[PDB]
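A single chain comes next, written as structure tokens; it is the form deposited in one PDB entry.
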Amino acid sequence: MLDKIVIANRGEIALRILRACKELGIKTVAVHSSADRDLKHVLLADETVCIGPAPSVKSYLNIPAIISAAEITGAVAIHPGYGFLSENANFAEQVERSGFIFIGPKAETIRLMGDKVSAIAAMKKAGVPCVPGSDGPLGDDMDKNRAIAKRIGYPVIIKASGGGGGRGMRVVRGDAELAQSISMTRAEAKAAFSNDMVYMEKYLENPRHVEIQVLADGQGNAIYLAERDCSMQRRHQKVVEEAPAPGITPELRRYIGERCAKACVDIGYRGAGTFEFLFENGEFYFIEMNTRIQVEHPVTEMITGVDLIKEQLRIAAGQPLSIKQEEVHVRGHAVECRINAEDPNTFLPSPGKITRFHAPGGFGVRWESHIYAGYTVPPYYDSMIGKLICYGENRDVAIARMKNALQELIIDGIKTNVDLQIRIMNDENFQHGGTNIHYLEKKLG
């Protein structure tokens, strides 16, 4: 095992990693901004280092300060969590050249999957089904771009090669909008990602968001740990996640999973990763790969029994995968509700002091949050303050437990999306299952 690690993150994920470290007897170094002295994980860590003032650019995104804290404490590894520097290939490369273990994939793999054009090319080569599109970058020749748009099937989407998630996209209904659209995206991409490379892709009308969890040791072994349905979204931001995805057969799971596992070997993947797809008419279409742990990883842990953070730590330590594909079994169902310090109606973030707090309990109830009574949610960071995960023997039990747990959850002093989550659990279409990616916006409209 790794003797001592730096947790290069904050909030709920930092607390998640800290628990995993403590379970394995790994010493923890909590690096934090001056605004995050009162974070729960900071108070629980063996050593703490203040890495700079409140803005992320000065603290959590500050590479030299993070490296220096790792050198000063005698740490051997760095876990970047999710967000911040987790998908920054230059950070991964610097961590390794400085002699530390980077708890993530190789910097080259981050670059390969990070550039969306080459990622799709790599997946097509690996045998992973992708969304029909340009299959390369787009030029200045409108005649070639229009011929490509008719080849795929209108409507189409203009995507930034350096973009990802919910940023760097523009939908095209017809050829009249096409020219203005290919130009606006290039200007936005060059300003936001410092790369003007764009590509064209088929805009799928009625798709579901289905993603595959993988674990690869970087020694030739790679396993798939079922799927997650993350279709309940608003402004390209996940709200509810669940595992397994409803309507996915053991045969469909096996088909897509084996392809994802094979793709890991072919790209030399190391650690935990997720292959995101759009699922429509019984077919999967690759969109992107998250080369880190995901926010929604707990729903996969509940249904497989696999602790995903401990496995990241074992792989980083140089241990080959002990878990064999034949040992991965889907059992029961899990639902995750993201808890955000925001007004759901207006999207207005709600930082501030939590005057009253009470977490739900019970069988199959998992609460993932650093929040406590008297704690101030700082205005400098993202709105996500916690995650409520409920497990049951079937989908209906997990939903029933989630309704009860949401009713027990008290967060006063700030605005939350708790009431929105209660509305989603009570939604008859959600209760039936299989709602598409556009459902939540339509329901709220």
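One-based numbering along the sequence shown.
Form deposited in another entry: not shown, discussed below.
S.K.: If the chain splits into two rigid parts between the shown form and the other one, do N417 and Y439 fall in the same one?
M.R.: Same rigid part: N417 and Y439 move together between the shown form and the other one.
S.K.: Taking the shown form as reference, are the C-alpha positions of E283 and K150 brought closer or pushed farther apart in that other deposited form, with a change of 3 Å or more?
M.R.: Relative to the displayed form, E283 and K150 draw closer in that other deposited form - a change of at least 3 Å between their C-alphas.
S.K.: Hey, the CA atoms of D140 and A122 end up closer or farther in that other deposited form than in the shown form, with the change being 3 Å or more?
M.R.: Farther apart, by at least 3 Å.
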